[PDB]
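Trainee: begin with these chain(s), straight out of the complex:
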Amino acid sequence: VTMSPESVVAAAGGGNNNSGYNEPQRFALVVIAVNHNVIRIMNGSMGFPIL
């Protein structure tokens, strides 16, 4: 991922009153994936054959 000029200028402080970026700002990256699974229902119990 490539960052942004707004982010690199707001990383440091220097903003005026009610600007939000008057103080140093740091960011974190989060990644979420969604996948499939198979559930077996027999013998009064369940589980993942492939896990």
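Mentor: Sure thing, it's come through. Numbering: from 1, shown residues only, chains lettered A, B, ... in the order given.

Trainee: strands along chain A, start to end?
Mentor: For chain A, the strands defined by DSSP state E cover A:40-42, A:45-47.

Trainee: in CSV, list these along with distance to residue A:18 and mean neighbour count.
Mentor: For the C-beta atoms, the positions are set from N, CA and C on the backbone; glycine is no exception. Shown next, in CSV, are those (distance: least, Cβ to Cβ, whole Å; neighbours: other Cβ atoms under 10 Å):
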stretch, distance to residue A:18, mean neighbour count
strand A:40-42, 58, 9
strand A:45-47, 55, 8
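
Trainee: which among these is found nearest to residue A:21?
Mentor: For residue A:21, the closest of these is strand A:45-47, at 50.7 Å, according to Cβ to Cβ.

Trainee: list the helices and strands that closest one packs on?
Mentor: In terms of contacts (3 or more Cβ pairs under 8 Å, 6 or more residues apart in numbering; DSSP states H and E), strand A:45-47 is packed against no helix or strand at all.

Trainee: and then chain B:
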Amino acid sequence: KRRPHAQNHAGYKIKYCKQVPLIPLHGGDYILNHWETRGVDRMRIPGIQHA
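Mentor: Placed with the earlier chains, chain B looks like this:
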């Protein structure tokens, strides 16, 4: 005068002590039934998954 009646024989009190099994009657609880056993997944393909 009639002869008095009372216990005369001392009986047979076998020495030492005997045993009883002292086993739970049904045993339905305290024990699972090979299913819903926590920490293990019965519905799993054999370990050929890492093969």
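
Trainee: residue numbers of chain B in contact with chain A?
Mentor: Taking Cβ under 8 Å from any Cβ of the partner chain as the contact definition, chain B meets chain A at B:35, B:36, B:41, B:42, B:43, B:44, B:45, B:49.

Trainee: helix/strand/coil for the fourth one?
Mentor: In the three-state summary, residue B:42 is assigned as coil, counting by DSSP: H, G, I helix; E, B strand; the rest coil.

Trainee: what's the distance between the residue positioned nearest the centre of chain B and chain A?
Mentor: Centroid-nearest residue in chain B, with Cα atoms, centre = their mean: residue B:23, separated by 1.4 Å. To chain A, residue B:23 is 27 Å away according to Cβ to the nearest Cβ, to the nearest Å.

Trainee: what's near enough to touch that residue?
Mentor: Not one residue lies near residue B:23 by Cβ atoms under 8 Å, 6 or more residues apart in numbering or on different chains.
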